[PDB]
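Here is the file run-v1.pdb (PDB, C-alpha atoms).
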ATOM      1  CA  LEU A 160     -33.356 -18.727  -3.497
ATOM      2  CA  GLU A 161     -30.684 -16.613  -1.813
ATOM      3  CA  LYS A 162     -27.821 -14.988  -3.727
ATOM      4  CA  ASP A 163     -24.218 -15.914  -3.015
ATOM      5  CA  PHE A 164     -22.444 -13.124  -1.229
ATOM      6  CA  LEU A 165     -19.110 -11.815  -2.471
ATOM      7  CA  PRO A 166     -15.783 -11.585  -0.607
ATOM      8  CA  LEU A 167     -15.017  -8.782   1.819
ATOM      9  CA  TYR A 168     -12.406  -7.867  -0.793
ATOM     10  CA  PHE A 169     -10.485  -9.307  -3.747
ATOM     11  CA  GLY A 170      -6.751  -8.942  -4.003
ATOM     12  CA  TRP A 171      -3.318 -10.470  -4.296
ATOM     13  CA  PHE A 172      -2.210 -12.334  -1.187
ATOM     14  CA  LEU A 173       1.558 -12.662  -0.921
ATOM     15  CA  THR A 174       3.114 -16.038  -0.241
ATOM     16  CA  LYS A 175       4.633 -16.702   3.165
ATOM     17  CA  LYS A 176       8.132 -16.156   1.797
ATOM     18  CA  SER A 177       7.292 -12.954  -0.084
ATOM     19  CA  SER A 178       5.347 -11.544   2.869
ATOM     20  CA  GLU A 179       8.309 -12.186   5.155
ATOM     21  CA  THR A 180      10.706 -10.501   2.728
ATOM     22  CA  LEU A 181       8.543  -7.431   2.263
ATOM     23  CA  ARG A 182       7.656  -7.246   5.981
ATOM     24  CA  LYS A 183      11.330  -7.287   6.975
ATOM     25  CA  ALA A 184      12.174  -4.651   4.364
ATOM     26  CA  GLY A 185       9.429  -2.455   5.757
ATOM     27  CA  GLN A 186      10.692  -2.871   9.327
ATOM     28  CA  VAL A 187      14.265  -2.073   8.360
ATOM     29  CA  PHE A 188      13.034   1.068   6.603
ATOM     30  CA  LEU A 189      11.176   2.181   9.759
ATOM     31  CA  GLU A 190      14.341   1.728  11.794
ATOM     32  CA  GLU A 191      16.517   3.583   9.291
ATOM     33  CA  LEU A 192      14.023   6.424   8.806
ATOM     34  CA  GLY A 193      13.564   6.981  12.538
ATOM     35  CA  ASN A 194      17.325   7.025  13.066
ATOM     36  CA  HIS A 195      17.853   9.518  10.240
ATOM     37  CA  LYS A 196      18.832  13.101  11.100
ATOM     38  CA  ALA A 197      16.505  14.490   8.431
ATOM     39  CA  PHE A 198      13.521  12.678   9.971
ATOM     40  CA  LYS A 199      14.338  13.550  13.592
ATOM     41  CA  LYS A 200      14.536  17.252  12.698
ATOM     42  CA  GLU A 201      10.959  17.213  11.364
ATOM     43  CA  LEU A 202       9.356  15.284  14.221
ATOM     44  CA  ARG A 203       7.166  18.324  14.975
ATOM     45  CA  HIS A 204       5.532  17.907  11.549
ATOM     46  CA  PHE A 205       5.120  14.225  12.354
ATOM     47  CA  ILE A 206       3.575  14.311  15.833
ATOM     48  CA  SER A 207       2.424  17.114  18.144
ATOM     49  CA  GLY A 208       3.585  15.226  21.221
ATOM     50  CA  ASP A 209       6.993  15.876  22.753
ATOM     51  CA  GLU A 213      14.019  11.796  22.917
ATOM     52  CA  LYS A 214      13.579   9.548  19.872
ATOM     53  CA  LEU A 215      10.432   8.163  18.218
ATOM     54  CA  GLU A 216      10.614   4.447  17.371
ATOM     55  CA  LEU A 217       8.527   4.106  14.214
ATOM     56  CA  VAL A 218       8.066   0.341  14.609
ATOM     57  CA  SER A 219       6.138   1.162  17.809
ATOM     58  CA  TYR A 220       4.381   4.179  16.266
ATOM     59  CA  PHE A 221       2.935   1.898  13.584
ATOM     60  CA  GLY A 222       1.634  -0.501  16.229
ATOM     61  CA  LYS A 223      -1.265  -1.911  14.213
ATOM     62  CA  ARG A 224       0.284  -4.245  11.636
ATOM     63  CA  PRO A 225      -0.921  -7.186   9.529
ATOM     64  CA  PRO A 226      -0.836 -10.366  11.705
ATOM     65  CA  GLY A 227       0.124 -12.793   8.923
ATOM     66  CA  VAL A 228       0.513 -12.606   5.165
ATOM     67  CA  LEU A 229       0.502  -9.256   3.415
ATOM     68  CA  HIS A 230      -1.876  -8.373   0.597
ATOM     69  CA  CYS A 231      -2.582  -5.889  -2.186
ATOM     70  CA  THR A 232      -6.312  -5.186  -2.507
ATOM     71  CA  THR A 233      -7.917  -4.688  -5.913
ATOM     72  CA  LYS A 234     -11.590  -4.187  -5.069
ATOM     73  CA  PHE A 235     -13.184  -3.815  -1.628
ATOM     74  CA  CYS A 236     -16.594  -5.498  -1.893
ATOM     75  CA  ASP A 237     -18.047  -5.658   1.629
ATOM     76  CA  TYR A 238     -19.738  -8.930   0.584
ATOM     77  CA  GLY A 239     -21.605  -7.124  -2.185
ATOM     78  CA  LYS A 240     -22.605  -3.997  -0.225
ATOM     79  CA  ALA A 241     -19.941  -1.728  -1.743
ATOM     80  CA  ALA A 242     -20.809   0.218  -4.896
ATOM     81  CA  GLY A 243     -19.515  -1.589  -7.991
ATOM     82  CA  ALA A 244     -18.801  -4.820  -6.131
ATOM     83  CA  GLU A 245     -21.156  -7.040  -8.133
ATOM     84  CA  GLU A 246     -19.977  -5.502 -11.405
ATOM     85  CA  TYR A 247     -16.313  -6.131 -10.517
ATOM     86  CA  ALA A 248     -16.876  -9.759  -9.445
ATOM     87  CA  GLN A 249     -18.847 -10.738 -12.548
ATOM     88  CA  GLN A 250     -15.983  -9.865 -14.910
ATOM     89  CA  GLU A 251     -14.569 -12.771 -16.878
ATOM     90  CA  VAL A 252     -11.012 -11.718 -16.116
ATOM     91  CA  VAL A 253     -11.740 -11.806 -12.381
ATOM     92  CA  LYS A 254     -13.324 -15.275 -12.515
ATOM     93  CA  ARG A 255     -10.574 -16.592 -14.809
ATOM     94  CA  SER A 256      -7.793 -15.182 -12.571
ATOM     95  CA  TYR A 257      -9.270 -16.470  -9.315
ATOM     96  CA  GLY A 258      -6.667 -18.636  -7.537
ATOM     97  CA  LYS A 259      -3.909 -17.819 -10.058
ATOM     98  CA  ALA A 260      -0.372 -16.721  -9.177
ATOM     99  CA  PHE A 261       1.061 -13.313 -10.093
ATOM    100  CA  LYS A 262       4.281 -11.422  -9.495
ATOM    101  CA  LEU A 263       3.880  -7.897  -8.133
ATOM    102  CA  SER A 264       6.577  -5.219  -8.288
ATOM    103  CA  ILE A 265       7.252  -2.984  -5.238
ATOM    104  CA  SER A 266       8.812   0.338  -6.322
ATOM    105  CA  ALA A 267       8.834   2.367  -3.115
ATOM    106  CA  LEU A 268       8.253   2.271   0.624
ATOM    107  CA  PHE A 269       6.595   5.243   2.336
ATOM    108  CA  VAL A 270       5.657   6.611   5.741
ATOM    109  CA  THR A 271       3.200   9.303   6.793
ATOM    110  CA  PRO A 272       1.886  10.271  10.241
ATOM    111  CA  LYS A 273      -0.979   7.829   9.547
ATOM    112  CA  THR A 274       0.347   4.830   7.641
ATOM    113  CA  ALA A 275       3.382   2.912   6.417
ATOM    114  CA  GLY A 276       3.154   0.993   3.158
ATOM    115  CA  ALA A 277       4.698  -0.240  -0.052
ATOM    116  CA  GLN A 278       3.830   1.100  -3.499
ATOM    117  CA  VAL A 279       2.864  -1.586  -6.020
ATOM    118  CA  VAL A 280       3.318  -1.013  -9.754
ATOM    119  CA  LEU A 281       1.080  -3.320 -11.783
ATOM    120  CA  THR A 282       1.794  -5.076 -15.073
ATOM    121  CA  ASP A 283      -0.707  -4.611 -17.876
ATOM    122  CA  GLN A 284      -2.045  -8.126 -17.213
ATOM    123  CA  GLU A 285      -2.588  -7.151 -13.556
ATOM    124  CA  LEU A 286      -4.185  -3.803 -14.414
ATOM    125  CA  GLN A 287      -6.996  -5.843 -15.988
ATOM    126  CA  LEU A 288      -7.961  -6.866 -12.416
ATOM    127  CA  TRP A 289      -7.874  -3.291 -11.144
ATOM    128  CA  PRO A 290     -11.380  -1.895 -10.631
ATOM    129  CA  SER A 291     -12.871   0.942 -12.644
ATOM    130  CA  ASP A 292     -15.693   2.534 -10.627
ATOM    131  CA  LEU A 293     -18.091   5.468 -11.083
ATOM    132  CA  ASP A 294     -17.270   7.339  -7.869
ATOM    133  CA  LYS A 295     -13.509   7.980  -7.916
ATOM    134  CA  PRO A 296     -11.307   9.650  -5.260
ATOM    135  CA  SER A 297     -10.499  13.338  -5.791
ATOM    136  CA  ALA A 298      -6.881  12.684  -4.819
ATOM    137  CA  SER A 299      -6.616  10.223  -7.712
ATOM    138  CA  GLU A 300      -7.381  12.715 -10.501
ATOM    139  CA  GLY A 301      -4.637  13.043 -13.109
ATOM    140  CA  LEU A 302      -3.023   9.807 -11.952
ATOM    141  CA  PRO A 303      -2.974   6.636 -14.048
ATOM    142  CA  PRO A 304      -5.362   3.752 -13.271
ATOM    143  CA  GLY A 305      -3.974   1.472 -10.570
ATOM    144  CA  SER A 306      -1.951   4.246  -8.891
ATOM    145  CA  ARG A 307      -3.604   3.404  -5.566
ATOM    146  CA  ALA A 308      -2.178  -0.160  -5.554
ATOM    147  CA  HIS A 309      -0.236  -0.746  -2.339
ATOM    148  CA  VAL A 310       0.557  -3.094   0.501
ATOM    149  CA  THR A 311      -0.178  -1.836   3.983
ATOM    150  CA  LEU A 312       2.679  -2.433   6.428
ATOM    151  CA  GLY A 313       1.472  -0.500   9.464
ATOM    152  CA  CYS A 314      -1.072   2.019  10.774
ATOM    153  CA  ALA A 315      -1.089   4.499  13.651
ATOM    154  CA  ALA A 316      -3.435   3.627  16.518
ATOM    155  CA  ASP A 317      -6.537   5.483  15.345
ATOM    156  CA  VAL A 318      -6.054   4.941  11.619
ATOM    157  CA  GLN A 319      -7.846   2.455   9.331
ATOM    158  CA  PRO A 320      -5.801   0.405   6.783
ATOM    159  CA  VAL A 321      -7.726   1.879   3.852
ATOM    160  CA  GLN A 322      -5.955   5.167   4.623
ATOM    161  CA  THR A 323      -2.719   3.716   3.228
ATOM    162  CA  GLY A 324      -3.988   3.919  -0.345
ATOM    163  CA  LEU A 325      -5.131   7.503   0.140
ATOM    164  CA  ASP A 326      -1.727   8.364   1.598
ATOM    165  CA  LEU A 327      -0.005   6.822  -1.405
ATOM    166  CA  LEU A 328      -2.182   8.795  -3.825
ATOM    167  CA  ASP A 329      -1.343  11.982  -1.934
ATOM    168  CA  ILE A 330       2.382  11.267  -2.216
ATOM    169  CA  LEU A 331       2.059  10.450  -5.934
ATOM    170  CA  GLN A 332       0.167  13.725  -6.447
ATOM    171  CA  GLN A 333       3.097  15.600  -4.859
ATOM    172  CA  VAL A 334       5.615  13.789  -7.047
ATOM    173  CA  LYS A 335       3.468  14.520 -10.104
ATOM    174  CA  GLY A 336       3.710  18.220  -9.286
ATOM    175  CA  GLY A 337       7.462  17.894  -8.832
ATOM    176  CA  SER A 338       7.247  18.775  -5.144
ATOM    177  CA  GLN A 339       9.179  15.592  -4.397
ATOM    178  CA  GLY A 340      12.347  17.657  -4.093
ATOM    179  CA  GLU A 341      16.013  16.701  -4.007
ATOM    180  CA  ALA A 342      16.750  13.429  -2.232
ATOM    181  CA  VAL A 343      17.539  14.091   1.432
ATOM    182  CA  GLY A 344      19.262  10.786   2.127
ATOM    183  CA  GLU A 345      20.844   7.644   0.718
ATOM    184  CA  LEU A 346      19.631   4.428   2.342
ATOM    185  CA  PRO A 347      21.036   0.981   1.436
ATOM    186  CA  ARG A 348      17.923   0.261  -0.680
ATOM    187  CA  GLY A 349      17.427   3.636  -2.408
ATOM    188  CA  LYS A 350      17.024   7.427  -2.265
ATOM    189  CA  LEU A 351      15.074   8.980   0.620
ATOM    190  CA  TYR A 352      12.698  11.844  -0.133
ATOM    191  CA  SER A 353      11.137  14.263   2.339
ATOM    192  CA  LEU A 354       7.781  15.424   0.985
ATOM    193  CA  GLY A 355       6.765  17.576   3.954
ATOM    194  CA  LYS A 356       3.751  17.224   6.254
ATOM    195  CA  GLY A 357       5.383  14.174   7.829
ATOM    196  CA  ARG A 358       5.565  12.287   4.529
ATOM    197  CA  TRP A 359       8.603  10.233   3.482
ATOM    198  CA  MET A 360       9.362   8.058   0.495
ATOM    199  CA  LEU A 361      12.110   5.555  -0.232
ATOM    200  CA  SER A 362      12.499   4.950  -3.955
ATOM    201  CA  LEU A 363      13.922   1.464  -4.375
ATOM    202  CA  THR A 364      17.016   1.276  -6.558
ATOM    203  CA  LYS A 365      15.973  -2.262  -7.428
ATOM    204  CA  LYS A 366      12.264  -3.064  -7.451
ATOM    205  CA  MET A 367      11.324  -5.895  -5.121
ATOM    206  CA  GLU A 368       9.385  -8.714  -6.748
ATOM    207  CA  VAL A 369       6.798 -10.546  -4.664
ATOM    208  CA  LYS A 370       4.774 -13.673  -5.474
ATOM    209  CA  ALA A 371       1.048 -13.517  -4.719
ATOM    210  CA  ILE A 372      -2.181 -15.396  -5.354
ATOM    211  CA  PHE A 373      -5.222 -13.506  -6.628
ATOM    212  CA  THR A 374      -8.224 -14.514  -4.524
ATOM    213  CA  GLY A 375     -11.051 -13.336  -2.254
ATOM    214  CA  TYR A 376     -10.843 -12.709   1.486
ATOM    215  CA  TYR A 377     -13.996 -13.286   3.567
ATOM    216  CA  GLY A 378     -13.021 -12.308   7.110
TER     217      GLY A 378
END
Transcribe the structure of this file into structure tokens.
Amino acid sequence: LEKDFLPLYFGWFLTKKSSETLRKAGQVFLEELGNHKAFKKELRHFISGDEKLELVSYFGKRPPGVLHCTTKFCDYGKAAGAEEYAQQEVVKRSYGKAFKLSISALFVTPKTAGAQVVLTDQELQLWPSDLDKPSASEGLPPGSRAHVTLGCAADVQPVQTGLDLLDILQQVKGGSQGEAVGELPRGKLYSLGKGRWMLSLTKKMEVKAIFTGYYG
């Protein structure tokens, strides 16, 4: 007998409506950020190539359809900890169920653009706990990596978005976030240096999503 293979990854897949709402919010942020004096002044720390940079074009690789928030990347069972994650009762019980996710910030770096997701305690139960953990995650609470990718630079892989978020959270943890450098319609804009920018939403955006497995 042959084993059943696992998904490419598990995660929350936003509904059509929620994906459209978050996608549009992301795009508006890119337009506002790229128009902002504070951003234009730091373009050197953003790119090395010398007019105005249109961020919607810079982040040219974007999700084609619905947006998602990954919990555990499985690579069909090949990833470390994949089988252990999938066998959990809470994962099997939650499969196909609806959840509401909270978006607390949008961010941009020279590599990725994404949305920070803050999980409920119920949702944290579906967040993986692995042996090999990122070094950039140390000192940060479980689930800190949770995000929705909105765009990637040409030579960047989508997984980078979560690493970028962790890096930003590490900076904020150390209080290097600094004084807000702008006031956008949705929240305060922070310049974190090294081409990194964060919009802290005044009002968290709620999105509806289904927890399930993607197979590619």
Find the spatial neighbours of residue A:278, counting only C-alpha atoms, within a cut-off of 8 Å - ignore same-chain residues fewer than 2 positions away - and output them as a VMD selection string. chain A and resid 265 to 269 276 280 308 to 310 327
If you apply the PyMOL selection byres ((chain A and resi 316) around 8) to this file, what residues do you get, as a PyMOL selection string? chain A and resi 220-223+314-315+317-318
Mind giving me the straight-line distance from atom CA of residue A:348 to atom CA of residue A:364 in Å, one decimal? 6.0 Å
List the residues matched by the PyMOL selection byres ((chain A and resi 282-290) around 10) in the displayed structure as a ChimeraX atom specification, ordered by chain and then by residue number. /A:169-171,232-235,243-244,246-248,250-254,256,261-264,279-281,291-293,304-308,373
Selection above as a file: C-alpha atoms, as a PDB file, keeping the file's coordinate frame:
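File result27.pdb, as written:
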ATOM      1  CA  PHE A 169     -10.485  -9.307  -3.747  1.00  0.00           C
ATOM      2  CA  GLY A 170      -6.751  -8.942  -4.003  1.00  0.00           C
ATOM      3  CA  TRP A 171      -3.318 -10.470  -4.296  1.00  0.00           C
ATOM      4  CA  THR A 232      -6.312  -5.186  -2.507  1.00  0.00           C
ATOM      5  CA  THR A 233      -7.917  -4.688  -5.913  1.00  0.00           C
ATOM      6  CA  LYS A 234     -11.590  -4.187  -5.069  1.00  0.00           C
ATOM      7  CA  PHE A 235     -13.184  -3.815  -1.628  1.00  0.00           C
ATOM      8  CA  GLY A 243     -19.515  -1.589  -7.991  1.00  0.00           C
ATOM      9  CA  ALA A 244     -18.801  -4.820  -6.131  1.00  0.00           C
ATOM     10  CA  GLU A 246     -19.977  -5.502 -11.405  1.00  0.00           C
ATOM     11  CA  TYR A 247     -16.313  -6.131 -10.517  1.00  0.00           C
ATOM     12  CA  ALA A 248     -16.876  -9.759  -9.445  1.00  0.00           C
ATOM     13  CA  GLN A 250     -15.983  -9.865 -14.910  1.00  0.00           C
ATOM     14  CA  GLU A 251     -14.569 -12.771 -16.878  1.00  0.00           C
ATOM     15  CA  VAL A 252     -11.012 -11.718 -16.116  1.00  0.00           C
ATOM     16  CA  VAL A 253     -11.740 -11.806 -12.381  1.00  0.00           C
ATOM     17  CA  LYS A 254     -13.324 -15.275 -12.515  1.00  0.00           C
ATOM     18  CA  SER A 256      -7.793 -15.182 -12.571  1.00  0.00           C
ATOM     19  CA  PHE A 261       1.061 -13.313 -10.093  1.00  0.00           C
ATOM     20  CA  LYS A 262       4.281 -11.422  -9.495  1.00  0.00           C
ATOM     21  CA  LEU A 263       3.880  -7.897  -8.133  1.00  0.00           C
ATOM     22  CA  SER A 264       6.577  -5.219  -8.288  1.00  0.00           C
ATOM     23  CA  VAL A 279       2.864  -1.586  -6.020  1.00  0.00           C
ATOM     24  CA  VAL A 280       3.318  -1.013  -9.754  1.00  0.00           C
ATOM     25  CA  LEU A 281       1.080  -3.320 -11.783  1.00  0.00           C
ATOM     26  CA  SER A 291     -12.871   0.942 -12.644  1.00  0.00           C
ATOM     27  CA  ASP A 292     -15.693   2.534 -10.627  1.00  0.00           C
ATOM     28  CA  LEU A 293     -18.091   5.468 -11.083  1.00  0.00           C
ATOM     29  CA  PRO A 304      -5.362   3.752 -13.271  1.00  0.00           C
ATOM     30  CA  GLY A 305      -3.974   1.472 -10.570  1.00  0.00           C
ATOM     31  CA  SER A 306      -1.951   4.246  -8.891  1.00  0.00           C
ATOM     32  CA  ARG A 307      -3.604   3.404  -5.566  1.00  0.00           C
ATOM     33  CA  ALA A 308      -2.178  -0.160  -5.554  1.00  0.00           C
ATOM     34  CA  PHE A 373      -5.222 -13.506  -6.628  1.00  0.00           C
TER      35      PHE A 373
END
Surrounding residues of residue A:352 excluding itself and chain neighbours under 3 positions, 6 Å, all atoms listed in the file, as a PDB file with C-alpha atoms, in the frame of the given file:
ATOM      1  CA  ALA A 342      16.750  13.429  -2.232  1.00  0.00           C
ATOM      2  CA  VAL A 343      17.539  14.091   1.432  1.00  0.00           C
ATOM      3  CA  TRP A 359       8.603  10.233   3.482  1.00  0.00           C
ATOM      4  CA  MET A 360       9.362   8.058   0.495  1.00  0.00           C
TER       5      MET A 360
END
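Coordinates place atom CA of residue A:194 at a distance of 26.5 Å from atom CA of residue A:368.
Our summary of the geometry notes that atom CA of residue A:197 is positioned 7.8 Å from atom CA of residue A:344.
If only C-alpha atoms are the atoms counted, then among A:320, A:355, A:340, A:378 the closest residue to residue A:225 is A:320.
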